[PDB]
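Notes follow the structure.
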Amino acid sequence: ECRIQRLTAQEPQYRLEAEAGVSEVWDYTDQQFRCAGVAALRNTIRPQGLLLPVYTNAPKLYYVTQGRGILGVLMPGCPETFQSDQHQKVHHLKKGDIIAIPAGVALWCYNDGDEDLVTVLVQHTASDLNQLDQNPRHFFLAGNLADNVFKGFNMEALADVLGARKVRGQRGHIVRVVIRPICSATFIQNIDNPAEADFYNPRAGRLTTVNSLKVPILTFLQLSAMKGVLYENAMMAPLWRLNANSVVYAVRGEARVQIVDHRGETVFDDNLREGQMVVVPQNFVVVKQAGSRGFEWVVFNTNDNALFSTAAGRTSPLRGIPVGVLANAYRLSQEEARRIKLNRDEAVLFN
Amino acid sequence: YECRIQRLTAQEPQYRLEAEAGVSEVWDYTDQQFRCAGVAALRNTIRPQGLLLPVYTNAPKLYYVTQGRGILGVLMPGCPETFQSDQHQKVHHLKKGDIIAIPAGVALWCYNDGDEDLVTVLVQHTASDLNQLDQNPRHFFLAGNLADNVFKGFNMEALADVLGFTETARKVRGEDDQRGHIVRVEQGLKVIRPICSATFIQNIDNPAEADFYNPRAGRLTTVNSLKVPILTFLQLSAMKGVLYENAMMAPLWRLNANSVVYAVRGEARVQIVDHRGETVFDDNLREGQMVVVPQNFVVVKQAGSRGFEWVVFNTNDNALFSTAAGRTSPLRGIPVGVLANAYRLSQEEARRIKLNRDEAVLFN
Amino acid sequence: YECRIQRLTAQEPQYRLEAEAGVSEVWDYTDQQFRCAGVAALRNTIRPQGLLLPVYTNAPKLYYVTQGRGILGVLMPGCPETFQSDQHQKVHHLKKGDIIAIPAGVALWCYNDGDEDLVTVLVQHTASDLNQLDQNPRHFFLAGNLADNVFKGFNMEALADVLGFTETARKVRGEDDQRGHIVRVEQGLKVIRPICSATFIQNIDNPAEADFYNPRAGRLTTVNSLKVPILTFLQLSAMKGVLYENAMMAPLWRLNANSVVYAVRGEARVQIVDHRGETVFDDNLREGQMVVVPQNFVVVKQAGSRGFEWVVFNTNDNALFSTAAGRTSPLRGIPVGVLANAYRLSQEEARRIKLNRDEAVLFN
Amino acid sequence: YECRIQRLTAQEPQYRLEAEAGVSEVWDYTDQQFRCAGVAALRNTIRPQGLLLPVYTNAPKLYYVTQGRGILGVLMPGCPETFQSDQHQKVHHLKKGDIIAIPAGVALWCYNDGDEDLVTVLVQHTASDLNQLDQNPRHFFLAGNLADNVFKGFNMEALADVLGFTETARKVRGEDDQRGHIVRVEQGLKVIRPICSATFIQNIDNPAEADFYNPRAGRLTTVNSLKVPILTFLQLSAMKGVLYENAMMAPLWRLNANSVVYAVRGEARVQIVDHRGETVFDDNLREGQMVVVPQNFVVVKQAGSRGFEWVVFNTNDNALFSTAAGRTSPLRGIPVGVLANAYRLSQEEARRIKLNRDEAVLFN
Amino acid sequence: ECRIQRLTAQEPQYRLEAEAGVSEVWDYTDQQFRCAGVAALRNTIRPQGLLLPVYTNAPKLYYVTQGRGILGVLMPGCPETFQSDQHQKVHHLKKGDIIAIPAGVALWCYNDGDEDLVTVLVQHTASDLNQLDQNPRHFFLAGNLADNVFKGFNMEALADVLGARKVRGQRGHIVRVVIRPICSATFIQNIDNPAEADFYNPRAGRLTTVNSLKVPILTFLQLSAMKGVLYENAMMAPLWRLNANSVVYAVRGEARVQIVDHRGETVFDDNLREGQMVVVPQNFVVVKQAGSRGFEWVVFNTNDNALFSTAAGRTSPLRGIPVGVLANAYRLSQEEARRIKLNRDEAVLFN
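Listed in order, the protein sequences are those of chains B, A, A', A'' and B'. A prime marks a further copy of an entry chain.
Positions 30 to 113, 132 to 191, 212 to 230, 238 to 243, 247 to 254, 260 to 263, 285 to 454 (the deposited numbering) are the ones given, in order, by the first sequence.
Positions 29 to 113, 132 to 191, 212 to 231, 235 to 263, 285 to 454 (the deposited numbering) are the ones given, in order, by the second sequence.
Positions 29 to 113, 132 to 191, 212 to 231, 235 to 263, 285 to 454 (the deposited numbering) are the ones given, in order, by the third sequence.
Positions 29 to 113, 132 to 191, 212 to 231, 235 to 263, 285 to 454 (the deposited numbering) are the ones given, in order, by the fourth sequence.
Positions 30 to 113, 132 to 191, 212 to 230, 238 to 243, 247 to 254, 260 to 263, 285 to 454 (the deposited numbering) are the ones given, in order, by the fifth sequence.
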């Protein structure tokens, strides 16, 4: 399931055009995603576009690559706290936001901005919360792997449950053209803003994480994400993730990216570029050196608490264990063990 | 502590502590009104370019940034420095409407990199099991001015022995300063940018990020455990409330917490009712004032001609309230018959008591 | 609070509160015996067709229904109505032998749809961290009669403004009633049937649902966290005990709780022993009496000629006891040698001290 | 309880309780110094072949075995006997440097099968929510000598009725003994070998099992929740510290606990500093002495010419400290500018304050 | 996956020789282990042997069969509390120790003793912490299913992250030839010592357990172990484990061992001998009668809290339910139901 000889920088493989947008779907059936147990989507919502309400059998983490809009989530059996129409609290979407949506909860979204609203999506199909298959399934309540639920039911059986029903809706799933244009849980979190970075080096870059200790619901989703920015010529320390697979999506720039497994054979050594998506399995080691225009990425991780282990750096295992072990391991002399030890004073982002 | 209170009173700070670059206004933590709540209220004003010396306390704290913009630095124990150019821990940008949560014992400093006074109102939960001292606020300062820094009572020789610096650098210590706890700065003061990754900021006053909304009554924004995880450890919470012209906040009692209302803007007619069915409070609250609504006490607010904006520090992890009237009120939960037999009214009268107010918590 | 008690006493209610349709009997929550336990004991008698006005308190409560049958209504905050024909929340049928758990701050009413007096005995855990007021019981009533309802101290204009009803419906409020807290009814009063799905009832007196049984000694039925989940939040528990003719409850001390024994039926010789090895209690308990066995204090009961049936309110989530004598006693856990050297007896004497009583907790 | 202390003092036991085979030395649990910490300190010396009679208390306990080797027996409630040849529960071998954790209410005995006095120092956390009595230690003894065993105040007839043994075996009880709480033995006394599988022992003084080490400064060994699970239930912890010749323990304050330092070996210059920046302690601690460093109070130790070995009982599940100076100190966490503006020093002076001491907690 | 007609006493199937030791690997692809979802290894480290640092995608429980040495574990981003060189706290290994190592954390080990350091190892591949495959994977940082990671990366990309790099190390993984020759968590626990036994019978034997209520980290590993000793002619009560599979490794002596499944057919009835490894699936029932020289074993269990159910004995289900049920079940008379009930006063170890 995860015996992989090589890794791939992937882009969508089939499109899904609608009236007011497009859904580009990665081949979740490729071995790169099968192993990661994720399904990668991209949603583009033109101005005035409305994504019809949908729910999925699996948890979901959206990232807002571009645009600004309004979002509406539906928790079961909770009153409406927005009353003028009466409905639940809509949410404000802005570039750099992370959205966590549980499995089975309905969500709609509308693009009330002048720029295309681009959101990248991963669906964790290997999560215990998903009790169906390891393939994406979208239950729509309108419109139209995916389809509109309301369709299936009878005209009359459904007639006498409510006082008529063309809720059996081909405009696609994003159509053209609210009060403000448990259940008090925070689902949005700013990740792309610089002021709220976690790691920072004015010469190397910055790292911002979202996880269970920032957004509580993630404890239930067992997902997380990291927004990374590398300036020109800076590099990311070589690292492996202890308890999760990684879904890296390149949002800007270019960077050389290398990946290694147990057998010591490199499965990936290529230039990642904006719009591409690479997967870094668990315990596989990455390393990035930004290109000429820097590099910016988002990595989706499949665990509540994503820990890293940097082969080299201030918080590096090599820095942790004795010089003797280093010398006897890598034959060279005591002082070049010290060299491999205490020469990089930086943590994980480097000049 | 006892809470048999006959009278609640709107209270202003009772004793000030001025520094060269700021002023601390301390409410009377001795007053029964707050001793019941188990909290100590503080208000810090930091003029532009002012620096609070690092400090930690025996009790958890919830700061609310009423005004200004500035830098903050918290010091988690045994955490590496993630900000390197100087190499230090993550500083954070606080700004108007921010809620800041500071666990007990953590050292923390703040700087005002803005052109306006940085006003932060804070409460220190002194009745928390984390505070293992007594019901009195205690600030341990790491510099200057809580009489002098804790380095004052130390021995210069020992502190030199330890700091790797004897050394007239020994002037790290106290009784030779007189600038206070908020000092004036030379240049800037968070110079990389002016567990350990835990979120401590939460913007609460963002209109677009309200929890209850009514375009003609107001809005309510909460911060609790399901917003910020650390609060589950602090067992503290807060709510930022805005009422529009002549609107009203339903009569409500909080189930599992005391509440500390700080009047931010406007004025409002406020009534508070106790078990005895008697009124313990009936006054017009105005900005800068602080009242406590003890647990289960019923409070109601009708905003004045200029609206009313308040912040409430609640003393539990998940402070939830029950409203006597509204769409989610007990009256709606109980049968009509109960209403009739209770208030001795006709079934239609009860049905009016029960089903005429279609709104949730904020009304006209 | 201090618990250095020289003498435990069997206690009856000290002051009654009569209504037109019932009577409240209040034990002296001021008495040291209960102040040590941190509880306030109450007994409500509701004559047929009587209605308790809805009410909520600052402390959790464990009701025990000694007699009768009636309807109950609890009011969870912000929960939709699941009973619709009127539309309201789930009412529940309480009946003889029921344990009812009511969290702090929740409103609740009760009606006696039976032909016999509905007798409920209740304890209010005033030493719980959920009670953030003081060690005094406080009932907040939503109607009539805790001097008047909390609607009394409010302003008729405001309560009219809010309730969507000014309105001489304003008579929702107090000081104009005089019927008390338990009133007489017109017809019936739970009229659909005379989180939010949490179980609050637990029948404990069901003989077929005992935990310890001996057809000649008696039976013991517990209710704790692994029976009812909410108790994990209340940190309260209870045990319903029945001893047959001349049987005995082993001498036992509870590890992690105080115990509040209410004598339901029969009489029994009861002895209670403290750290000092001295007897703090040595009397014949009889129905309607209430005693407290503080934590770690050793108690033993020998039932009289008519058996003895009691209920104990324990003040922890999982109240477990250790019996000085029995099949699961410390003596069996320690080696014989220890017994010999401790009591200075021959190894056979110790082996008798240790292995002759083959029963668990209920004996002959 | 109040902790506004003007002066901390090194304290020795104030009243002894001698037995035929041992002596109990009791620190003054009445003294404010300990009443602030919420603990009662005890020291038991058991001469070879001495037996402590089984006993349980209202509060959790952390024993530290300073000297000797002996057998222990704990009595978990309702657990079968796993040691059978006699059939009884698992006895455990305690030896020099052991930490023993005893939950409240559990009975426990100990025997000295060695040729040297068995010295155990213990603290009883009286401010724990598990102790539901008062802030006073209370030992309930199951044999002899806490005035007599709890079997004393019982009725011989009842205790005969129950024990399956009337019987002049009734001499299981008190006021006829006079040997005390530590008695002399005939032969041996754990004779199979001289939930319920929970670890209660933790060797802390093992040099090879330190957490901090410096071959020229010393070593530090902790025991907390991530070492022994039961502590998560006791919310107690401990630290065994050794400082070599003329070494120093950094100036540190504990965030979330009071600390109880028992001087085991050597002497050391100790200074303690409070919020007021004033010195509350400045003396040379020596073996057998006991001091309390309240929460957030800053303490520093410089060992004498013969080193210094101490044990600290901390009153929380995960007691973590923050050191004013060191590699993991707040000063390193805050920017240089903050240091300069705080102590009014040049950026290089601050960089010295901040980056010259490359060690963690133990220094030269 | 676990429909098994018979069970096997297994020994390693392929060796891995190094300069200063040997790694003997059980065939984790046999159906006996597939079902148990474990991989069994044996490490032998000659005097002065050093096991190069490694990390694995799965949790691990080592048992120290023989020898005495020093061990070094690397937790992410935790300071060095051993300072003279500066590094993390090494640990002392001695015969009878149990070591729990999470997935993804690096560990090295060195044999500073005069006797061969023999450690037996199980890796729980069916643990949710492992997000790769159900096959062992060893990521080394030095040397060389298994391989050295540092190998894979480029000479220069890795050059400019630290000031040279022959950290790209054939001596094997254990090579010939420290300050003392969250992150304060206990990973070692004494299990083989008699004084700390859980069950004991001076005539039958003794049982010592390690589980979540002894070592806290196991709560996260969901593993556990039991060290068992049976004297000559004593026998282990027949038992089944409720919530885990069992990996029994025979460390000394010989014993007849029988195993039964649901169908009542015996899948194993043979003499287990030192150095052999048998697996007892969940709810399969074992029974052991020691041979002439007694018997000593370690069983690795796949759960935080391993509970047993002894068909016969003081704490036996048969002792739990009424004599009537026994009689009506097994026809014979009321008093021979009593006989099957209350004749074995011992718990689980028997004469």
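Ideal Cβ placement from N, Cα and C applies to all residues, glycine included.
Listed by chain order, chain A'' residues near residue i by CB distance under 9 Å
i	result
residue 139 of chain B'	296, 298 and 299
residue 404 of chain A'	Those do not exist, as residue 404 of chain A' stays about 11 Å from chain A'' at its closest Cβ, beyond 9 Å.
9 Å Cβ cutoff met for residue i and residue j
i	j	result
residue 191 of chain A'	residue 242 of chain A'	no
residue 327 of chain A''	residue 407 of chain A''	yes
residue 103 of chain A'	residue 80 of chain A'	no
residue 403 of chain A	residue 389 of chain A	no
residue 112 of chain B	residue 304 of chain A	yes
residue 302 of chain A'	residue 426 of chain A'	no
residue 61 of chain B	residue 360 of chain B	no
residue 212 of chain B'	residue 147 of chain B'	no
residue 32 of chain A''	residue 180 of chain A	yes
residue 387 of chain B	residue 362 of chain B	yes
residue 289 of chain B	residue 342 of chain B	no
residue 217 of chain A'	residue 416 of chain A	no
Cut-off 6 Å between Cβ atoms - residues of its own chain near residue i, not counting five sequence neighbours on either side
i	result
residue 49 of chain A	75, 78, 251, 252 and 253
residue 338 of chain A	392 and 453
residue 396 of chain A	356
Chain-ordered chain B' contacts of residue i [CB-CB under 7 Å]
i	result
residue 106 of chain A	108
residue 145 of chain A''	Simply none; closest approach about 13 Å.
Beta-carbon neighbours of residue i, restricted to chain A and to distances below 9 Å
i	result
residue 328 of chain B	Those within 9 Å of residue 328 of chain B in chain A number zero; the least Cβ separation is about 13 Å.
residue 313 of chain A''	Result: empty, since nearest Cβ-Cβ is about 18 Å, beyond 9 Å.
residue 369 of chain A''	218, 219, 220 and 221
Contact list for residue i against chain A', beta-carbon separation under 9 Å
i	result
residue 348 of chain A	178 and 179
Whole-angstrom C-beta distance between residue j and residue i, which should lie under 8 Å
i	j	result
residue 93 of chain A''	residue 136 of chain A''	Rounded, the Cβ-Cβ distance is 18 Å, inconsistent with contact.
residue 275 of chain A'	residue 377 of chain A'	Chain A' lacks coordinates between 263 and 285, the interval that contains residue 275 of chain A'.
Under 7 Å by beta carbon: chain B residues contacting residue i
i	result
residue 302 of chain A	110
Nonlocal neighbours in the same chain, by C-beta distance under 7 Å from residue i, ignoring five residues either side
i	result
residue 160 of chain B	76, 96, 97 and 98
Chain-ordered neighbours of residue i on chain A', where CB pairs are closer than 7 Å
i	result
residue 433 of chain A	189, 240 and 241
Contact list for residue i against chain A, beta-carbon separation under 7 Å
i	result
residue 174 of chain A''	Those do not exist, as residue 174 of chain A'' stays about 10 Å from chain A at its closest Cβ, beyond 7 Å.
Nonlocal neighbours in the same chain, by C-beta distance under 8 Å from residue i, ignoring five residues either side
i	result
residue 163 of chain A''	73, 74, 75, 76, 95 and 96
residue 346 of chain A	385, 406, 408, 409 and 410
Proximal residues of chain A, C-beta to C-beta of residue i below 8 Å
i	result
residue 261 of chain B	303 and 305
residue 80 of chain B	Residues of chain A passing the Cβ test: none, with the nearest at roughly 19 Å.
Within chain B, the residues that residue i reaches when beta carbons sit closer than 8 Å
i	result
residue 448 of chain B'	By Cβ distance, chain B contributes nothing, its closest Cβ being about 45 Å from residue 448 of chain B', past 8 Å.
> Are the region 293 to 301 of chain B and the region 309 to 325 of chain B touching by the rule of at least three beta carbon pairs closer than 8 Å?
Replying inline: yes
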